[PDB]
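Working notes, structure below.
Side chains are part of it too, since the values below use all heavy atoms of this structure and drop only hydrogens, waters and symmetry mates. By convention in this document, chain letters (A, B, ...) are assigned in the order of the sequence lines, proteins followed by strands, and residues within each chain are numbered from 1.
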Amino acid sequence: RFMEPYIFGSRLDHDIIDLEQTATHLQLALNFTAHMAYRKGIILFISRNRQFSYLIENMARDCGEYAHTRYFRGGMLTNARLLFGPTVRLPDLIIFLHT
Amino acid sequence: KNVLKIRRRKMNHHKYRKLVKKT
Amino acid sequence: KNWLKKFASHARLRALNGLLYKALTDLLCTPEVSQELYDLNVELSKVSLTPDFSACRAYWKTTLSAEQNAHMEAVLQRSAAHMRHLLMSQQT
Amino acid sequence: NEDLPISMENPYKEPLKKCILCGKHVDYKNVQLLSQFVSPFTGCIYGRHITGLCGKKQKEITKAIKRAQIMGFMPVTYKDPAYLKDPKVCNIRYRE
Amino acid sequence: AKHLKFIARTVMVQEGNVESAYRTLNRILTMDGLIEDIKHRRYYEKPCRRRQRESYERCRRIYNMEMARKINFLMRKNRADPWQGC
Amino acid sequence: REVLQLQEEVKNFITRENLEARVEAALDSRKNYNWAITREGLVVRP
Amino acid sequence: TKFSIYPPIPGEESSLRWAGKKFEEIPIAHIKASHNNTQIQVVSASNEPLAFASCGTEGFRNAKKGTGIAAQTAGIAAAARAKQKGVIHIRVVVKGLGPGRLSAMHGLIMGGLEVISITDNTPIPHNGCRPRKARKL
Amino acid sequence: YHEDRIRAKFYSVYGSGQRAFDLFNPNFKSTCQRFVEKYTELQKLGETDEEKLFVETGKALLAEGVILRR
Amino acid sequence: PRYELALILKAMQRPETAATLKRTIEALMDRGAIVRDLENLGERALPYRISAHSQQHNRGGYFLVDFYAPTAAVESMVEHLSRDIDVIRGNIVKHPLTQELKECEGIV
RNA sequence: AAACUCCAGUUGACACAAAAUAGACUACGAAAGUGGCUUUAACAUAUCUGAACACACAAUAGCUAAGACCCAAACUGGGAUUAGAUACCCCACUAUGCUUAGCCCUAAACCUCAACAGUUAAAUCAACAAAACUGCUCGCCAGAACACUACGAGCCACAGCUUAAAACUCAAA
Ligand code: FES
Ligand SMILES: [K+]
Ligand SMILES: [Mg+2]
Ligand SMILES: [Mg+2]
Ligand SMILES: [Mg+2]
Ligand SMILES: [Mg+2]
Ligand SMILES: [Mg+2]
Ligand SMILES: [Mg+2]
Ligand SMILES: [Mg+2]
Ligand SMILES: [Mg+2]
Ligand SMILES: [Mg+2]
């Protein structure tokens with residue numbers, strides 16, 4: 001339901017995403033990502049689509065950022081201190097290619 | 001549901017029908 | 001009664017054993033349960049009810065081949081519930 | 001903008017499926033037709049899952065069969081042997 | 001009683017295969033519901049029990065067909081893993 | 001239209017005068033109401 | 001010619017013959033398979049009783065009557081008493097779902113008679129008489 | 001869209017074109033699409049009779065040399 | 001209204017059959033009926049043996065009488081058909097043609 | 001084991017009983033109910049709500065009269081079992097289930113959802129059942145038990161039905 005305002009219409013029972021809204025949303029998201037990278041924030045890409053795990057890991061390694069395409073264990077973010085150490089720094093921005 | 005209430009209704013009714021038969 | 005929800009979620013003993021044996025043999029005489037079971041020609045040796053009436057054990061005669069025995073076991077285990085339903089539906 | 005979509009009923013909507021007897025009159029005197037929906041060996045009326053008929057025509061066939069049977073036009077306990085070689089329209093096989 | 005004989009529920013034997021004819025007749029009588037009708041008519045089934053049983057069988061069939069449809073629909077994904085390792 | 005159709009149809013009705021001839025002709029005629037249906041939805045006339 | 005399971009119609013002429021006789025001239029073996037006893041009666045096409053045998057007439061008593069062996073013995077006896085009257089081919093008419101339904105025909109075959117057709121005529125009311133109550137065992 | 005109606009009738013009369021669709025090409029032109037374009041050009045250069053437009057469009061496409069089996 | 005009488009008559013020779021048909025149509029007209037047409041479906045074996053008037057019948061002649069009669073006539077005609085000894089079985093139904101052939105859009 | 005042997009099998013004739021299959025349909029009726037065939041009548045209201053008592057109805061069981069009687073069967077006998085069986089199993093047979101003319105007016109008579117109109121927005125929302133609510137109206141409810149009771153009143157009902165308390169008792173239910 002919450003995706004309805006972003007849908008241009010249905011073409012033979014297939015939803016079509018309004019690309020005019022996608023352009024503005026992508027502009028805002030890319031501006032935010034660029035500003036965060038300028039401030040040397042830790043950027044973590046996340047995606048459980050196994051068809052693109054290799055590509056996303058390669059991209060994250062290429063841009064000097066971090067990736068998590070594997071099984072997400074309980075408490076990686078909400079219990080990070082116990083799972084990594086008391087002085088671990090969490091990501092400043094998380095990018096979901098697949099939500 | 002209250003099965004005790006229905007069983008209490010049954011016992012009360014059965015006891016009553018015994019009294020009317022006797023008297 | 002919202003069957004969708006439910007599905008998703010001793011001398012007496014000897015007489016009952018005899019009655020159940022006869023009923024199960026009659027059930028296996030036909031494809032009433034299934035055609036696959038009927039083609040197997042399963043024969044029963046006896047029926048034993050547990051002393052507390054918690055289970056009914058039907059002893060079926062085995063053949064010499066092992067693959068046929070395994071197939072018979074699979075079909076019988078898959079058909080047991082349907083035979084129980086038929087037995088109660090016929091008011092045996 | 002002329003390229004915007006317009007309100008319209010689905011032009012690709014396929015015609016709704018029809019039963020084999022749709023648009024045809026079922027009469028109690030047509031024993032040949034009524035015999036196509038009964039068992040050859042017992043004369044029992046086939047259900048809609050076998051005949052493939054719609055509810056309305058299933059009811060029509062049932063009523064016509066009962067009327068013909070009681071008025072002395074159709075046998076009850078078997079299908080008339082004269083109609084055993086008619087086209088088979090029921091989805092049932094006895095491997096016979 | 002008032003019908004012609006040797007037409008209803010009758011099977012001819014082929015090449016002396018009497019057992020095959022009997023098994024075919026059994027299949028026919030079971031498919032047409034005659035066997036279960038005879039077995040159910042031995043004792044009287046109360047109308048309420050009959051209605052409960054009919055509803056139970058109808059819902060059982062519907063649920064079983066739906067579950068079979070779901071399993072068949074989701075069986076397509078059961079192939080060799082194309083992204084093994086990742 | 002219905003009244004005119006009925007008027008022209010009445011000309012062929014059985015009366016007390018033509019009862020003999022019509023009965024004889026019917027006895028020398030045969031009407032068949034039987035016809036079968038195919039899986040394609042077609043009528044097969046005998 | 002494709003074999004037809006459907007019995008020949010007396011009206012429509014057919015070429016099927018058994019020892020020179022037509023289908024409607026063959027003797028009929030009537031089997032009644034009750035729950036505790038089995039009866040076999042062979043009759044002619046004109047309903048002339050030729051042979052009769054039951055599990056009780058062959059010495060079996062009480063529950064021994066309602067077994068396959070007793071029905072087989074009754075079938076053998078009926079087949080013998082019918083062969084002593086010139087019967088070879090028979091049409092079987094079975095009535096009931098008792099334990100001797102198939103054993104009686106097995107006995108008839110083992111006694112020398114040849115079965116050309118099997119008919120079921122078990123009484124199936126279209127809801128007539130009310131059956132007895134279910135047992136509370 | 002308006003042309004969808006025409007497409008439907010085409011797909012109902014001449015059926016699906018034996019030629020295969022190439023969706024990778026951003027400017028692919030199917031037989032139905034060419035029929036649609038010719039139909040619209042005829043409508044803008046003539047009268048509005050749906051059957052006549054269809055038949056004359058078929059004549060024009062056959063004249064150009066495109067096979068169309070009904 | 002419009003009615004169809006399905007008549008199963010005894011298997012007789014042509015003169016007796018003609019006399020029976022004339023008698024039936026005459027009774028129809030006496031009860032106020034307007035007979036439209038008489039169809040002969042043929043002489044055929046009955047689907048089952050029928051016992052009527054202390055006689056057993058295995059074969060019979062099938063006839064159809066279409067007519068227009070008042071509602072009160074039908075009952076009377078039935079009683080008459082019960083007394084005729086040459087009639088194995090007579091049944092009056094509302095004419096099938098009067099029943100309207102409602103049109104269907106298909107399986108929803 | 002009793003029972004029958006005026007028994008049993010085929011064939012033929014033959015209901016004031018019940019209505020396989022269709023029905024895997026979900027329809028009609030205010031509800032109760034209604035599933036063999038034909039025919040005749042026939043299914044109220046162009047605002048809504050409106051009664052323990054008014055006017056009409058109301059499964060099964062039951063009571064009066066007559067009739068029908070295949071099958072089933074409270075009860076009653078016989079056979080068997082059991083420590084005993086005044087039950088379960090087998091046989092037989094009644095009241096009753098059926099028709100006609102009157103009564104009786106009760107059900108887990110339940111979709112355990114009062115009737116009409118409206119909404120899908122809010123934190124949806126004790127729990128479960130069956131997504132959550134709004135407007136308006138009638139009926140009903142104010143701890144448990146005493147109590148589907150006592151008394152009074154009404155009733156074709158007389159061991160009956162409707163309405164329906166109080167005293168004593170308890171901290172629960
Ligand atoms: S689908 Fe139209 S009458 Fe059956
Ligand atoms: K209920
Ligand atoms: Mg009102
Ligand atoms: Mg009041
Ligand atoms: Mg009443
Ligand atoms: Mg009564
Ligand atoms: Mg109810
Ligand atoms: Mg109200
Ligand atoms: Mg009220
Ligand atoms: Mg209180
Ligand atoms: Mg009282």
(message) Which nucleotide wins on minimum distance to the side chain of D:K63, given the candidates J:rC146, J:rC37, J:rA24?
(response) J:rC37

(request) Report, as yes or no, whether the 6.0 Å neighbourhood of atom NZ on C:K22 holds more than 12 heavy atoms from other residues, nucleotides or ligands. (result) no

(message) In whole Å, measure the gap between the P atoms of J:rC113 and J:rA130 for me.
(response) 13 Å

(message) Whether J:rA13 and J:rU34 form a base pair should be assessed as Watson-Crick or G-U wobble, both distances under 3.5 Å. Do they?
(response) no

(request) Hey, which sits more toward the 5' end of RNA chain J by its nearest nucleotide, G:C129 or G:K95? (result) G:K95

(message) Checking understanding here: a glycosidic angle within 90° of 0 is syn, the rest anti, so what is J:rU26?
(response) syn

(request) Identify whether J:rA52 and J:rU81 are a Watson-Crick or G-U wobble pair (both distances under 3.5 Å). (result) no

(request) When you get a sec, tell me which of J:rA150, J:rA159, J:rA24 is the closest nucleotide to the side chain of E:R61? (result) J:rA24

(message) Could you check whether J:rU169 pairs with J:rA144 (Watson-Crick or G-U wobble, each of the two distances under 3.5 Å)?
(response) yes

(request) Decide, applying a 5.5 Å centre-distance limit and a 30° plane-angle limit (both strict), whether G:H126 stacks on J:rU21. (result) no

(request) Check every strand shown and say whether E:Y44 touches a base, only sugar-phosphate, or nothing at a heavy-atom separation below 4.0 Å. (result) nothing

(message) Counting the atoms with a prime plus P, OP1 and OP2 as sugar-phosphate, which does E:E54 contact under 4.0 Å by heavy atoms, base, sugar-phosphate, or nothing?
(response) nothing

(request) Hey, can you tell me if G:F23 and E:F6 have their rings parallel, tilted or perpendicular (30° and 60° cut-offs)? (result) perpendicular

(request) Just call it for B:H13: base, sugar-phosphate, or nothing, with non-hydrogen atoms closer than 4.0 Å on any strand. (result) base

(request) For E:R41, report the nucleic acid contact type (base, sugar-phosphate, nothing); a contact means any heavy atom under 4.0 Å. (result) sugar-phosphate

(message) I'd like to know if J:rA101 pairs with J:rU64, where a pair means Watson-Crick or G-U wobble geometry with both distances below 3.5 Å.
(response) yes

(message) Closest approach to the side chain of G:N127, judged atom by atom: which nucleotide of J:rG160, J:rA19, J:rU38 is it?
(response) J:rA19

(request) Any strand is fair game: report the nucleotide pairing with J:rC75 by Watson-Crick or G-U wobble, both distances under 3.5 Å, or none. (result) none

(request) Among J:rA20, J:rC148, J:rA24, find the nucleotide with the atom closest to the side chain of D:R48. (result) J:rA24

(request) Please figure out whether D:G43 or D:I70 has its closest RNA chain J nucleotide nearer the 5' end. (result) D:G43

(message) Of the listed nucleotides (J:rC88, J:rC37, J:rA24), which one gets closest to any side-chain atom of D:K66?
(response) J:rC37

(request) Give the rounded distance in Å between these two atoms: CZ of E:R60 and P of J:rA24. (result) 17 Å

(message) Under 4.0 Å, counting only non-hydrogen atoms across every strand here, what does C:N2 touch: a base, just sugar-phosphate, or nothing?
(response) sugar-phosphate

(message) By nearest atom, which of the nucleotides J:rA24, J:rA144, J:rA130 is closest to the C:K5 side chain?
(response) J:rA130

(request) Once you apply the 3.5 Å cut-off to both distances, tell me the Watson-Crick or G-U wobble partner of J:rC57, or none. (result) none

(message) If a pair means Watson-Crick or G-U wobble with both distances below 3.5 Å, are J:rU96 and J:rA20 one?
(response) no

(request) For D:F37, answer base if it contacts any base atom (sugar-phosphate contacts may also be present), sugar-phosphate if it contacts only those atoms, and nothing otherwise; contact means non-hydrogen atoms under 4.0 Å. (result) nothing

(request) Mind checking I:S51 for me? I need base, sugar-phosphate or nothing, with any heavy atom below 4.0 Å counting as a touch. (result) sugar-phosphate

(message) Whether J:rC63 and J:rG102 form a base pair should be assessed as Watson-Crick or G-U wobble, both distances under 3.5 Å. Do they?
(response) yes

(request) For J:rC91 versus J:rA83, give the span between their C1' atoms, rounded off to a whole number of Å. (result) 27 Å

(request) Take atom CD1 of D:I45 and atom P of J:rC25, then tell me their distance rounded to the nearest Å. (result) 17 Å

(request) Could you give the distance separating J:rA157 and J:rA80 at their P atoms, to the nearest angstrom? (result) 48 Å

(request) For B:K5, answer base if it contacts any base atom (sugar-phosphate contacts may also be present), sugar-phosphate if it contacts only those atoms, and nothing otherwise; contact means non-hydrogen atoms under 4.0 Å. (result) sugar-phosphate

(request) With P as the reference atom in both, quote the distance from J:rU76 to J:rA166 in angstrom, rounded to an integer. (result) 44 Å

(request) May I ask whether J:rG62 and J:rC103 qualify as a Watson-Crick or G-U wobble pair, both distances being under 3.5 Å? (result) yes

(message) Which nucleotide wins on minimum distance to the side chain of B:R17, given the candidates J:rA72, J:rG160, J:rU10?
(response) J:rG160

(message) Taking J:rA108 as the reference, what is the distance to J:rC104 when you measure between their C1' atoms (whole Å, please)?
(response) 23 Å

(request) Round to a whole Å and report the spacing from NZ of G:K133 to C1' of J:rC91. (result) 13 Å

(message) Can you confirm whether J:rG33 and J:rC28 pair in Watson-Crick or G-U wobble fashion, both distances under 3.5 Å?
(response) yes

(message) Between J:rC71 and G:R132, counting only base atoms on the nucleotide and side-chain atoms on the residue, is there a donor-acceptor pair under 3.5 Å?
(response) no

(request) Would you mind classifying the nucleic acid contact of I:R49 as base, sugar-phosphate or nothing, using non-hydrogen atoms under 4.0 angstrom? (result) sugar-phosphate

(message) Please check, using ring centres under 5.5 Å and planes under 30°, whether the bases of J:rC71 and J:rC70 stack on one another.
(response) yes

(message) I'd like to know if J:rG135 pairs with J:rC116, where a pair means Watson-Crick or G-U wobble geometry with both distances below 3.5 Å.
(response) yes

(request) Classify the nucleic acid contact of D:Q69 as base, sugar-phosphate or nothing, counting any heavy atom under 4.0 Å across all strands shown. (result) nothing

(message) What's the gap between J:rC141 and J:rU86 when it is taken at their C1' atoms, as a whole Å value?
(response) 48 Å

(request) Decide if a Watson-Crick or G-U wobble pair links J:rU11 and J:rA83, counting it only when both distances are under 3.5 Å. (result) no

(request) Using a heavy-atom cut-off of under 4.0 Å over every strand shown, decide if G:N121 touches base, sugar-phosphate, or nothing. (result) nothing

(message) Taking J:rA129 as the reference, what is the distance to J:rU112 when you measure between their P atoms (whole Å, please)?
(response) 14 Å

(request) Could you check which of J:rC25, J:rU10, J:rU39 has an atom nearest any side-chain atom of G:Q41? (result) J:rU10

(request) Return yes if the base of J:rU10 and the side-chain atoms of E:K5 contain a donor-acceptor N/O pair under 3.5 Å, otherwise no. (result) no

(message) Between J:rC105 and J:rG135, how far apart are the two P atoms, rounded to whole Å?
(response) 43 Å

(message) Between J:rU38 and I:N91, counting only base atoms on the nucleotide and side-chain atoms on the residue, is there a donor-acceptor pair under 3.5 Å?
(response) no

(message) Check for me whether J:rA126 and J:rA127 meet both conditions: six-membered ring centres under 5.5 Å apart and planes under 30°.
(response) yes

(message) Need one value for B:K21: base, sugar-phosphate or nothing, where a base atom within 4.0 Å counts as base even if backbone is also close, heavy atoms only.
(response) base

(request) Would you give the length of the straight line joining atom OG of C:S89 to atom CZ of E:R50, rounded to the nearest 0.5 angstrom? (result) 13.5 Å

